[PDB]
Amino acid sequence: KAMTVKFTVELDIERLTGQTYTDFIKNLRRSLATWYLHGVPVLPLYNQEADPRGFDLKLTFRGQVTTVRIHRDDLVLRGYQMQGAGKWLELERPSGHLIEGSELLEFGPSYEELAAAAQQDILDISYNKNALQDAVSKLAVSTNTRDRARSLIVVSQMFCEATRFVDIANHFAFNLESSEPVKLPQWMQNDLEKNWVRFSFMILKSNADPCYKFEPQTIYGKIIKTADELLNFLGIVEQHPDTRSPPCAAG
């Protein structure tokens, strides 16, 4: 069962500024929303089993274009299209091919797998406007595994992780037009990105289940004592089916 494409968003990178990038991310969050919790959008997940929902992100720079297909429920990158023939490449994991007619890449969407394919660490890659320009150029035409994987890291960080986290979107916006490299702070990798799934669950289970006990979390060296305070970090919230299980279950 191929992932459907619910909608397409398009951004040109050439005139991109901190402000227009921020606008794009904010609009994308709204486009992705099914419902809202304290003003923060919540992703779909009443749909399950055999209804993979996706969206397309079209990125253009000086006549060069790529389209990336992303899961709408977990914001995981699934594939991208080359410009010449329109050939689709698909990342390993998700199920048979989620993109009809695609060629499978030798890696999945996890950063462990992407970093190995890129032969380069997520924290050693630059995420400014120049890097995004290079990423669309490479994705448009490259058949080189390293180039593809590195470029997919840049797109994943600057669109998927930025969409998920306020502080990440801010960081990339504020540093976007810089001529020097923009690195991702380690706390944003380790405290935020790695915990999106867990934090989303804690937040929705706290809202749903009076018997759920929120455990304080530490982020950027600060203690986050409540689900309300944790929610302030998220731009959009994942919706795991367990969050809809009947509350106050035994145990």
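Residues carry their position along the shown sequence, with the first being 1.
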Size class of the missing deposited segment between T143 and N144 | none
Stretch with the greater mean C-alpha B-factor as recorded in the entry, comparing 104 to 112 against 149 to 157 = 104 to 112
Output the stretch having the higher mean C-alpha B factor in the entry; the candidates are 42 to 50 and 28 to 36.
-> 42 to 50
Of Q81, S126, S137, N170, which one's C-alpha B factor is largest in the deposited record?
-> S126
Per the entry, which of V76, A162, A85, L89 tops the list for Cα B factor?
-> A85
Tell me, lowest, middle or highest third: where does the Cα B factor of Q189 rank within its chain?
-> highest
C-alpha B factor of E14, ranked within the chain: lowest, middle or highest third?
-> highest
Where the record places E238 (Cα B-factor, split into thirds across the chain) = lowest
Give the position of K183 by CA B-factor within its chain, expressed as the lowest, middle or highest third.
-> highest
The third of the chain into which the C-alpha temperature factor of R72 falls is the middle
